[PDB]
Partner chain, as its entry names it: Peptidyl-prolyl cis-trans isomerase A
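Next up: a single chain in structure tokens, the form deposited without its partner chain.
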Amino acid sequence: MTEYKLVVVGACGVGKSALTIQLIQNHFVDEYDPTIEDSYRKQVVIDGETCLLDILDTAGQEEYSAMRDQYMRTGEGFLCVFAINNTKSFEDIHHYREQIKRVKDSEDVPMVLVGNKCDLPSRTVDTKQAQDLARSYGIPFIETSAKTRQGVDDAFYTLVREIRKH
């Protein structure tokens, strides 16, 4: 069956691990070692087609450039994650997008902009600002909460749809 290699990227603390564990195991984790970079496989049905999701949960810049270039080359689609209560994490998105584009040597890479922690009242990044950034990239924007599950399946399935559309 078709396998989609998905990579979750974004600043430390945005909720990459929490989103991944919520997608895979259907539980919210209050803590997951921020330094651990692991991959997980799940069989799912997306738009009536049974497929394998192979998801790499990235740890960040504190590892060999050869490791980061390897997963950016192998990865078919990227979840670019920021937290809605962290403007610095939103400002960082363009850095992740740029690095993926360089490695893949392509102006058209399947990606989804994800604004996580949408359950938190203290928003510092508006939906409008995020939608404008995603529109300029020609990619979807989805707000998620790894805590409540809101938008979690939608964000990963939208990225699979972008790969199928590619």
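Take the two forms, find the largest set of C-alpha atoms that superpose within 1.5 Å, and that set is the rigid core. Positions refer to the first chain, counted from 1.
J.: Hey, does residue 44 show up as a hole in at least a third of the other compared models?
T.: Counting only entries that model residues on both sides, residue 44 is resolved in every one of them.
J.: At a threshold of one third of the other compared entries, does residue 65 come out as unmodelled?
T.: In at least a third of the comparable entries (those modelling both sides of it), residue 65 has no coordinates.
J.: Report the stretch with the higher mean CA temperature factor, choosing between 109 to 117 and 123 to 131 on the basis of the entry.
T.: Higher mean C-alpha B-factor in the PDB entry: 123 to 131.
J.: For the stretches 99 to 107 and 63 to 71, which has the higher mean C-alpha B-factor as given in the deposited record?
T.: Between 99 to 107 and 63 to 71, it is 99 to 107.
J.: Would you mind finding, among 25, 158, 17, 150, the residue with the largest C-alpha temperature factor in the entry?
T.: Most elevated C-alpha B-factor of the set, per the entry: 25.
J.: Out of 36, 29, 51, 56, whose C-alpha atom has the biggest B factor in the entry?
T.: Comparing C-alpha B-factors across 36, 29, 51, 56, the top value belongs to 51.
J.: Split the chain's modelled residues into thirds by Cα B-factor; is residue 6 in the lowest, middle or highest one?
T.: Lowest third - that is where residue 6 ends up once the chain's C-alpha B-factors are sorted.
A second form of this protein, the form deposited with its partner chain bound, is not displayed here; the remarks below concern that form.
J.: Counting only non-hydrogen atoms and a 4.5 angstroms cut-off, does residue 47 reach its partner chain in the deposited bound form?
T.: Residue 47 lies outside the contact set for its partner chain.
J.: With a 4.5 Å heavy atom cut-off, would you call residue 34 a contact of its partner chain in the deposited bound form?
T.: Residue 34 belongs to the contact set for its partner chain.
J.: Could you tell me if residue 25 has a non-hydrogen atom within 4.5 Å of its partner chain in the deposited bound form?
T.: Residue-level check for residue 25: yes, a contact with its partner chain.
J.: Contact with its partner chain in the deposited bound form for residue 128, defined as at least one heavy atom pair within 4.5 Å: yes or no?
T.: It does not: once its partner chain is placed as it appears in the deposited bound form, residue 128 has no heavy atom within 4.5 Å of it.
J.: Within 4.5 Å of its partner chain in the deposited bound form, counting any non-hydrogen atom, which residues from 1 to 23 show up?
T.: The one in contact is 1.
J.: Which single residue of 105, 98, 63, 49, after superposing the core, moves its CA by 2 Å or more between the shown form and the other one?
T.: Shifted by 2 Å or more: 63 only.
J.: Align on the rigid core first; then say whether the Cα of residue 40 has moved by at least 2 Å between the shown form and the other one.
T.: The answer is no, as the C-alpha of residue 40 shifts between the shown form and the other one by less than 2 Å after core alignment.
J.: In the deposited bound form, do the Cα atoms of residue 67 and residue 39 sit closer or farther apart than here, given a shift of 3 Å or more?
T.: Farther apart, which means the C-alphas of residue 67 and residue 39 are at least 3 Å more distant in the deposited bound form.
J.: Versus the form shown, are the CA atoms of residue 101 and residue 61 closer or farther apart in the deposited bound form, given a shift of 3 angstroms or more?
T.: Note: Cα gap between residue 101 and residue 61 widens in the deposited bound form.
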